[PDB]
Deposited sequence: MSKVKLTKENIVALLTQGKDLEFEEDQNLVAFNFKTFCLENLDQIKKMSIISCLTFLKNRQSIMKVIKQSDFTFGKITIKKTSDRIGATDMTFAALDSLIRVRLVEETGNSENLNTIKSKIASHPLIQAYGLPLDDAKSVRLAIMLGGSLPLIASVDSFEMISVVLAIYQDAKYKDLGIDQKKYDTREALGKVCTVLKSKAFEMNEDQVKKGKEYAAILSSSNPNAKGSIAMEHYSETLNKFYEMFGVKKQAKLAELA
């Protein structure tokens, strides 16, 4: 039986039994080469200013070239998100890291990026710069492009594992949900994490562990520290005295 307006009336007023009836890799391979017309510095300008660029794009229907992104973020399809354009640039920026001249340009320009400093990410090798490009991106979209699986999950795991030091508001961004949506993507394209795939992942994870996040909250608390406890004391909570070095 078809799910129709005048069939719901039948289901509720009769005695007879009724039942009823029930991308990015494709978007990449087709728009991947329009992004290549941009400059590599222009790309990092986009990443650096993604928030303030998304500001002016989502006020009218924005057409650049022949490619159009509507005034709304209407239900995402196969010719329209704003985030699909962001993940495209990151993909193209990751490709340019095997280009030794451009790897030097990204490694130099992205050190002044905000997330790269906030994460305290050490930019040295080619793999660390890719991580810089991946920061603040839509990990489920990026993970659906080939070889972009391991970098997206290791970053998802890391974002979840140190989200307090990274200023990640779990109401604005559920990290475990994001990690979950990436594992669905990896399993959706039938991706096996063999030893060769796990080794590359361990490389990406070695760089993120060696990071020294500079954030942010628990550090600013300490500054104001010796007088915050003057108010904790007033409220019946005795904060521990913080230890001396050893030494």
Stretches with no C-alpha position, numbering per deposited sequence from 1: 1-3, 26-32, 91
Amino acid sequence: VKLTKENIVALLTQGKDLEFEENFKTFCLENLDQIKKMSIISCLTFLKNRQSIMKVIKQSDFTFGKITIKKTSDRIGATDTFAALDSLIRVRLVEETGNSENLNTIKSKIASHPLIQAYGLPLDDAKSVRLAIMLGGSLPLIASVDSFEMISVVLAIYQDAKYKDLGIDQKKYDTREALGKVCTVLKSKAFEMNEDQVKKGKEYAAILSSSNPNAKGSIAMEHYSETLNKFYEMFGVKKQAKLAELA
From here on, numbers count along this sequence of modelled residues.
Stretch with the greater mean C-alpha B-factor as recorded in the entry, comparing 217-225 against 202-210: 217-225
Higher-scoring stretch by recorded Cα B factor average, 23-31 or 49-57: 23-31
Given 175, 99, 138, 72, the residue at which the Cα B factor reaches its maximum: 72
Candidate set 79, 144, 117, 128 [ranked by C-alpha B-factor, highest]: 79
Residue 68, C-alpha B-factor rank within chain (lowest, middle or highest third): highest
Ranked C-alpha temperature factor of residue 38 among modelled chain residues, by third: middle
Residue 179 - Cα temperature factor, lowest/middle/highest third of chain: lowest
Among modelled residues of the same chain, the CA temperature factor third for residue 185: middle
Chain thirds of CA B-factor: placement of residue 8: lowest
